[PDB]
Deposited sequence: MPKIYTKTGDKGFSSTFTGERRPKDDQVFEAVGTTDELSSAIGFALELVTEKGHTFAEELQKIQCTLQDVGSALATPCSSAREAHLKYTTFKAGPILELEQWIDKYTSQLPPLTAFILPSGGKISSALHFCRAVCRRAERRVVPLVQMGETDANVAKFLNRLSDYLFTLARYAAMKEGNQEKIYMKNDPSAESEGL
């Protein structure tokens, strides 16, 4: 099936975009770098699952999200993809992650893939978005804002 190869490929594409973003991290021992690396592993499991996906990593993502949200101001503006190297790269990862989601979706719904793979990808773009903001905040960057 072509749809499976497409979904696996786009998952790998995401993981490799994360791989490149990780290279932008200049200081050693950041916990989000650990997290991104764990996600990459999960993406490999996504890969073979597509080709039973437990809920744990979704929960993991949800607690990391909540951790970073509580450290950040409320979200009042619409931001443009920005805020420093890592941040921008994560915004790109977010876009690619959302593309992966769209590719997995028909596979679920056809019941060829565990529902949770979609949920994980859905939640991953929230993680990547949140992490981007968190990363920019910690560089004290200030992201660019929408203007007509």
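Asks: Please report every deposited-sequence interval that has no C-alpha in the structure, sorted by position.
Replies: Model skips 1 to 24, 76 to 89, 187 to 196 of the deposited chain.
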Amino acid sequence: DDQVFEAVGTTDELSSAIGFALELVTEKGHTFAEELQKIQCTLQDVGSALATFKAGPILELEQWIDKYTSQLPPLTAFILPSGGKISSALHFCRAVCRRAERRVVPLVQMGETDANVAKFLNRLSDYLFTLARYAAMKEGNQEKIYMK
From here on, numbers count along this sequence of modelled residues.
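Asks: Regarding 93 to 101 and 112 to 120, which shows the higher C-alpha temperature factor on average in the entry?
Replies: In the deposited entry, the stretch with the higher C-alpha B-factor mean is 112 to 120.
Asks: Look over 52 to 60 and 84 to 92 in the entry and identify the one with the greater average Cα temperature factor.
Replies: Of 84 to 92 and 52 to 60, the stretch with the higher C-alpha B-factor average is 52 to 60.
Asks: Would you please rank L36 by its C-alpha temperature factor against the other modelled residues of its chain and give the third it falls in: lowest, middle or highest?
Replies: CA B-factor rank for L36: middle third.
Asks: How does the C-alpha B factor of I65 compare with the rest of the chain: lowest, middle or highest third?
Replies: Ranked within chain, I65 CA B lands in the middle tercile.
Asks: How does the C-alpha B factor of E139 compare with the rest of the chain: lowest, middle or highest third?
Replies: Its C-alpha B-factor, which the entry lists for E139, ranks in the highest third among residues of this chain.
Asks: Can you work out whether the C-alpha temperature factor of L128 puts it in the lowest, middle or highest third of the chain?
Replies: Lowest third, going by the recorded CA B-factors of the chain.
Asks: Compared with the other modelled residues in the chain, in which third is the CA B-factor of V25?
Replies: CA B-factor rank for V25: highest third.
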